[PDB]
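Participant: please find the sequence and an experimentally derived structure below.
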Amino acid sequence: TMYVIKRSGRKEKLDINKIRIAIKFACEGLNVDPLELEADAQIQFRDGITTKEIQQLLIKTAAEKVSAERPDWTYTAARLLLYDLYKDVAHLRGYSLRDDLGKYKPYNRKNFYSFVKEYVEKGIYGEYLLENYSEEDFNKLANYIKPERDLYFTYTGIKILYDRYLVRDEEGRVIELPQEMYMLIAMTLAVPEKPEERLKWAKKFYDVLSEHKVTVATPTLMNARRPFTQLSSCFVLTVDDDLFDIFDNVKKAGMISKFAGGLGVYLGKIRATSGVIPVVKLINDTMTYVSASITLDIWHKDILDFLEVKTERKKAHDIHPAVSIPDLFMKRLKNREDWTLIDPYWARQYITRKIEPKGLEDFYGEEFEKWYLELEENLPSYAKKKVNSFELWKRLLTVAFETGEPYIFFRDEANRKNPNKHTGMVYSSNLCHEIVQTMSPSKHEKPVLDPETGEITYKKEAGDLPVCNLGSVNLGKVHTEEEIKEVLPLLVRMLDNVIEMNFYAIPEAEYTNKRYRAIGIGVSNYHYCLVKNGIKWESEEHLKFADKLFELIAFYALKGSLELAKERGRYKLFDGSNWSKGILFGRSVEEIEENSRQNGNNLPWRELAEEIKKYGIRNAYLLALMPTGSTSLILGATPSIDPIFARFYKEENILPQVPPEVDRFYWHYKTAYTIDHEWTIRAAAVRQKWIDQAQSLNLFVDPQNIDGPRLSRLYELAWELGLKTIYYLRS
Amino acid sequence: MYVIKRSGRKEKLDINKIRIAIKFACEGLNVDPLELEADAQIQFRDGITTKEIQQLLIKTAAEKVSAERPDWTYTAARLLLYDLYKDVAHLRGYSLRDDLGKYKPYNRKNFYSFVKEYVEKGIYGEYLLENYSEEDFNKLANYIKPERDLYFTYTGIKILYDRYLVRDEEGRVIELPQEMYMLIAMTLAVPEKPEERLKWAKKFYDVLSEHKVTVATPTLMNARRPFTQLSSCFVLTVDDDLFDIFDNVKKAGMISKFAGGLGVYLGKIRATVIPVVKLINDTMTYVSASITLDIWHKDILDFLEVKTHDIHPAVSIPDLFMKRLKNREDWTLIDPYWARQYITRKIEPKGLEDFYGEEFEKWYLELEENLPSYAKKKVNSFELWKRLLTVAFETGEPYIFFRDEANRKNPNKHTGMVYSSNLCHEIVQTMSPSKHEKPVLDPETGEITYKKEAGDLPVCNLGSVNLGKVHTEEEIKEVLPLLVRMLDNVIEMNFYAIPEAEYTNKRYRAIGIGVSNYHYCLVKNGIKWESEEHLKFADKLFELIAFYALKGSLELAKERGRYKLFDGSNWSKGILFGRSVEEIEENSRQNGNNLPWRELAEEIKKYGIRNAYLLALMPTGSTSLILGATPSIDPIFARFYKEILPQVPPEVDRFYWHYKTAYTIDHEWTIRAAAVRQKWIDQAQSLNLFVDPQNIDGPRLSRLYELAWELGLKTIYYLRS
Ligand SMILES: Nc1ncnc2c1ncn2[C@@H]1O[C@H](COP(=O)(O)OP(=O)(O)OP(=O)(O)O)[C@@H](O)[C@H]1O
Ligand SMILES: Nc1ncnc2c1ncn2[C@@H]1O[C@H](COP(=O)(O)OP(=O)(O)OP(=O)(O)O)[C@@H](O)[C@H]1O
Ligand SMILES: Nc1ncnc2c1ncn2[C@@H]1O[C@H](COP(=O)(O)OP(=O)(O)OP(=O)(O)O)[C@@H](O)[C@H]1O
Ligand SMILES: Nc1ncnc2c1ncn2[C@@H]1O[C@H](COP(=O)(O)OP(=O)(O)OP(=O)(O)O)[C@@H](O)[C@H]1O
Ligand SMILES: [Mg+2]
Ligand SMILES: [Mg+2]
């Protein structure tokens, strides 16, 4: 007689029937063969095996079977893991998975209040949960949880969630279940709401999260619950040519990278050659000590050395370079003409003495060109350098092809579209290059010593430091007007609540968020949305459909922000904005109304333009298509606006990934490296008409299929059609 | 046939005018004017400029400087001085001739007009016109002694002319050496009571112009100007904390741009520290800093190998390590982070480094067993010791800090402790990190307000005594109190760039007095370096310097008030240089000085002293080249060498063989001599060791370092070869 070791030490006679039951529950409703997995378990059986070992084998074997031809094995693997998690957490919190009548209850509604209370008192959960909810509130919300929504998770979804999202105790054990996580996130985001409305909003937030219609960013997904509510995704720093500010921004970069991430740094003001790259080296070393973008204008004298940072004694391998390019450079490139490099220091002096200093970088477009033409002659030989446009352009694309960097920032279109151009301008984007928000450096005052006490007090006037508060819409489940009309206003509300509940580590961050209340709404499952609507990627139908879809998203994004303004008040800096003059996405309402008719949406854009002029909007910025990374893997969605990499592939920590309904739509899905990205860019240009910020546009090129002069044509077309950024260039 | 003059023009060559220039320059000096006259005949060419002729006489005279004919240096110096006088006279629009037609290099009448004009151009500071009347300037202008320019060697005046004499916007020298000294004295006299000011300006001018003392390089080139940067060095203490680490990185960058002499202690930082070392290095390059680490720190192996590139490593060594090295025993490396937690939870955290000596050993023995395997690392003492001396022999670094003797001798041990020294390793002053508070945003305005509680950040305010001219009790009794007063005035007139610097200087009022011409002082007193007579003479001399240093600080306390943190110090309990007055009184009798040490101990207990620290033998560098002195307490490198800057010891011809060069000396004597001096020095000494690869081996080099520790030295500096 063969034996098996159980959780409670002990020893029990092998029962083949109990393994059959576990497999049957896990395969229920799913297009798989339970007999196949039963056979594999017979082969994997060994006398004295632990019940824990048996469960780990069924999970792994099921995950090994995931394919483009049988994708449902992922759901079988996920459930087998879920059934193991339920048992672990039940034993840790001291309840049973059986009720009075002996039915299976993975979730314990009675335990919810006791559980959260205990781990609030251990410093794992934040105090604001007990302060803003009564025992009856907890009990009411515990009974609202829908345990059947755990059946929405792919194996990689729950595996990623289990590995670094589900909260753990001091000894590193998982304590909360997926639906408990979602409810606690909803409860955290509902705190800023009026006490008589709080439970009503917590239920709506829980619904839209648990049903996988929207997701909040990774920071919010793992911190909204905890004492330290770090909910911010990225920061954008502006550095003045000044020992004090340079070392101040180096400090912020170090503080940011320890606690948060997504750092972007503009060094275009810094003096030309110590120079600028010692400052780049200085930021690099703080990065290593504890994922940051550094931006430089393409006319900066040190640009040649800056492009070579990631590829002779002056390199930096922990930073991501980016290049701010004006229209004039692109105009020069057409006729293969020459390009004059300049030093900001001598450029600043000249302009400042020709009129609170003003450099060249403090102008864009029509004005910038006037100053540049005058500066490229009337400056002395020591503050200039002559180079060929095509020679520079060619070397950039060569580095881009080998390293993937640098990222591009088309500063002229970015600035003339900035709807808050009345409060300043924008010198760079963030790391992922979706953000376009007004920015400026902090100003310092001389410190003061009190000899009696020994305390020193220094003061600084806060500058505009864009924080990004991010979420995304699952286009798999939200693509109709009815679905968009419900969901977008709810996501706008959640992200405005994120700003109120965020723990601010940098004071300038708090100052900027309170004045602007900027948010970034993106999308996932874009490619799946096209395929199930029978739309080919490389077609006129793609461009026409993208136009129609992103019009709806923009309309109900503004509608949502308007309602918050009526209810909470407009953002402080609304008066003077493009919004306040009835200019939406840098276009007249007559232009939009004509676009609305061609799209077959026929939305009331004029009536909305009038209500925004009267009541304002709650948020200074709204839409930015960010790279969606871990949040789409949890949703089982295709990433952002990217075309899929493959119909099936893996990763390592095994994370097998298939697009939604890949078996049903096999050939309707076309992989990234097989697509002519002239279409990708035309499609992005159509979307850009309804996006106030930018898009993290990747380009996927095959060395065999693409050459030097064709790669140039893509980048040139991006500029021509009015894109503000380009992100990674993969191969 | 013809020569071009300053005023364009053309004049018939006159061989007599070159003879006169050479005669004035050789007057009273042991040289051959005919030799230099012959060389000038060879160097003559038709259409040569008078300027070119003068540059040739200067260079030729400098080329003749040797150990057998040193007076050529004075001939070269004077020929340069006569050129400087002409240049400055033409720039300020006066003549070198008076009413009767006598030679007047200095224009007493022009002094007020000159300084007034260049104050109004932003070259000289406003405090000069604010604290002195036209009659004051005129009185001090008439006190100047132009004959004191005859005290300069060629390298002395050449260094002074190149780096120190103030220049206008077009880069031309405007002030003469004696004008520089008077303007320095006038700047240091500003803090004095208006009815006493001129009296102190004349005394400061006298002691500077007569080359009896010098102030540090910063004071020598800035005391005169609007930006009075008079500080020589700073010592930073860094807490294991993002905010403080980046705060100290900012200070290091601010300090190195404007000042220098930086020292940084990183012994508190968490074990894998070198990313922080790399971070300090990059700020240094962006715009000469020491970094110190305890020898028990887990990252010490990687830290020793940093220089095998813009930083100078140093190692804090406790007694226990040296005790282990005797029996060739093992040495347990530790991480401060886990060491701090253990000690802190066993009772504002308290780490291992926050203890010394008797207490430190108790904690270390307990930490070396009861800690887990991940927070430890076992290594052999002799294996580590040997690798340190190997790097020291190849690179010259690391410098050494014997922290136990340093801390038990700290006379201000009641306000904290000392983790490291400065760059040059003469400084031993109480130090601590600044403590940070959470910033505050006013949403209505844009303004953020940050608070931090200032920590003890030692600034060093430095000068030195010329032992060539000040070695008797009568000379020391006059000069030392005057130098103490000048350095206390330096603290009042210093422009503070870092607020913690201002806070520390005002609380402690620490000063550092060193020496130059030590080797010359021994030789002219007929004392052999490698002898018992050296040890006996050093004892006697440094007793006198210490006694009249304390006397000087006492007088200032009676007059200006004791330093804020006096009460609780070793000074206030009558413990001088970590010894009882009965011990000192016995030492005073053996030295044949018989000084009233008990009476002084009592007066210090009653009235206090003005300065928290007094004595530190710093490397004397540029200031001794100006004085023509042998550097600090070092034995001379050579009887003659170049840097063209030809350098000879004083009276090298007269004392040729009595002078013994550095690489020929058994430095067992150097260390014994330093140990005797250390009994009368409250801080430390920048002790260099000069070893010949052929004459010394591995085990003998170890014996020197071991003996330094045994005899109670607090630091060792460069190891040259
Ligand atoms: N006697 C058995 N023979 C075969 N498989 C078994 C046996 N007992 C448990 N298993 C299997 O072990 C896996 C893990 O189940 P489970 O986590 O409930 O372990 P357990 O040891 O039965 O724990 P507990 O007694 O706490 O419920 C399941 O797939 C189950 O079918
Ligand atoms: N109704 C159900 N639906 C899905 N999974 C279930 C259900 N009932 C139990 N499970 C899961 O099946 C596994 C076995 O649980 P169960 O308590 O039945 O243990 P067993 O090993 O089958 O029996 P026993 O513990 O009595 O020896 C666990 O992972 C559990 O979460
Ligand atoms: N006619 C001359 N023949 C030879 N040497 C001369 C003659 N005139 C000047 N010198 C030499 O030139 C050197 C520099 O002299 P000085 O600085 O006085 O220059 P200068 O041209 O005479 O200027 P000034 O006339 O303004 O005094 C001296 O060594 C001096 O002997
Ligand atoms: N009494 C003196 N003692 C020392 N140096 C002197 C003396 N008189 C002049 N000199 C210096 O010697 C040089 C002589 O310059 P000065 O103009 O006096 O005469 P010169 O150049 O020989 O001839 P001339 O007067 O025709 O120009 C100058 O460098 C001057 O500073
Ligand atoms: Mg069981
Ligand atoms: Mg002349």
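Facilitator: Noted; the coordinates are in hand. Residues are numbered from 1 along each chain as shown, chains lettered A, B, ... in the order given. Ligands and ions are numbered 1, 2, ... in the order given.

Participant: CA atoms only: put the helix or strand hosting residue A:634 into PDB for me.
Facilitator: Under the criterion of DSSP states H and E, residue A:634 resides in helix A:629-635. Included here for helix A:629-635 are C-alpha records, laid out as PDB according to Å, rounded to 0.1, in the frame of the first residue of the first chain:
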ATOM      1  CA  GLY A 629       4.000  46.400 -18.800                       C
ATOM      2  CA  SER A 630       2.900  44.400 -15.700                       C
ATOM      3  CA  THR A 631      -0.700  45.800 -15.500                       C
ATOM      4  CA  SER A 632      -1.700  44.100 -18.900                       C
ATOM      5  CA  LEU A 633       0.000  40.700 -17.900                       C
ATOM      6  CA  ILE A 634      -2.400  40.800 -14.800                       C
ATOM      7  CA  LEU A 635      -5.400  41.600 -17.200                       C
END
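
Participant: which residues does it contact?
Facilitator: Residues from elsewhere that reach helix A:629-635 (C-beta atoms under 8 Å, 6 or more residues apart in numbering or on different chains): A:153, A:156-157, A:160-161, A:165, A:212, A:215, A:217-218, A:221, A:472, A:474, A:476, A:524-525, A:638-640, A:655, A:657. C-beta here means a position set from N, CA and C on the backbone, and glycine is covered the same way.

Participant: quick one, which of those residues are buried?
Facilitator: A:153, A:156-157, A:160-161, A:165, A:212, A:215, A:217-218, A:221, A:472, A:474, A:476, A:524-525, A:638-640, A:655, A:657 (16 or more other C-beta atoms under 10 Å in any protein chain shown).

Participant: in strands, which of the residues you listed fall?
Facilitator: Applying DSSP state E to those, the entries found in strands are A:215, A:472, A:474, A:524.

Participant: can you redo the residues you listed as a markdown table with distance to residue A:16?
Facilitator: Output for these, formatted as a markdown table (distance: C-beta to C-beta, whole Å):
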| residue | distance to residue A:16 |
| --- | --- |
| A:215 | 41 |
| A:472 | 46 |
| A:474 | 41 |
| A:524 | 42 |
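
Participant: adding distance to ligand 4, write those residues out as CSV.
Facilitator: Listed next are these as CSV, based on distance: C-beta to the nearest ligand atom, whole Å:
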residue, distance to ligand 4
A:215, 87
A:472, 85
A:474, 92
A:524, 87
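
Participant: for those residues, which one is nearest ligand 1?
Facilitator: residue A:215 (30.5 Å; C-beta to the nearest ligand atom).

Participant: contacting residues around the closest one?
Facilitator: Here residue A:215 is in contact with A:209, A:221, A:471, A:472, A:474, A:524, A:631, A:634, A:635 (criterion: C-beta under 8 Å, 6+ apart).

Participant: of those, list those near ligand 3.
Facilitator: When C-beta under 6 Å from any ligand atom is taken as the criterion, no member of these contacts ligand 3.

Participant: ok, back up a step: narrow the contacts of helix A:629-635 to those in helices?
Facilitator: The helices, defined by DSSP state H, take in A:156, A:157, A:160, A:161, A:218, A:221 from the contacts of helix A:629-635.

Participant: give me the subset of those residues touching ligand 1.
Facilitator: Answer for the ones in helices among the contacts of helix A:629-635 near ligand 1: none qualify (C-beta under 6 Å from any ligand atom).

Participant: so which of those residues would you say is closest to ligand 1?
Facilitator: Nearest member of the ones in helices among the contacts of helix A:629-635 to ligand 1, counting by C-beta to the nearest ligand atom, is residue A:161, at 19.9 Å.

Participant: tally of neighbours for residue A:127?
Facilitator: 11 (other C-beta atoms under 10 Å in any protein chain shown).

Participant: would you mind confirming that it makes contact with residue A:120?
Facilitator: Yes. Contact criterion C-beta atoms under 8 Å: residue A:127 and residue A:120 qualify, at 6.3 Å.

Participant: closest to the centroid, which residue in chain A?
Facilitator: residue A:626 (4.4 Å; C-alpha atoms, centre = their mean).

Participant: look up how far residue B:146 lies from that one.
Facilitator: Relative to residue B:146, residue A:626 is positioned 78 Å away (C-beta to C-beta, to the nearest Å).

Participant: so where do the helices sit in the stretch 1-150 of chain A?
Facilitator: A:16-27, A:34-43, A:51-64, A:73-93, A:112-120, A:128-131, A:135-142 (DSSP state H, counting those that start in this stretch).

Participant: what angle do the second one and helix A:73-93 make?
Facilitator: Going back to what we said before, that points to helix A:34-43. Interaxial angle of helix A:34-43 relative to helix A:73-93 (axes from the mean of the first three to the mean of the last three C-alpha atoms, to 10 degrees): 60 degrees.

Participant: what's helix A:34-43 packed up against?
Facilitator: helix A:16-27, helix A:51-64 (3 or more C-beta pairs under 8 Å, 6 or more residues apart in numbering or on different chains; DSSP states H and E).
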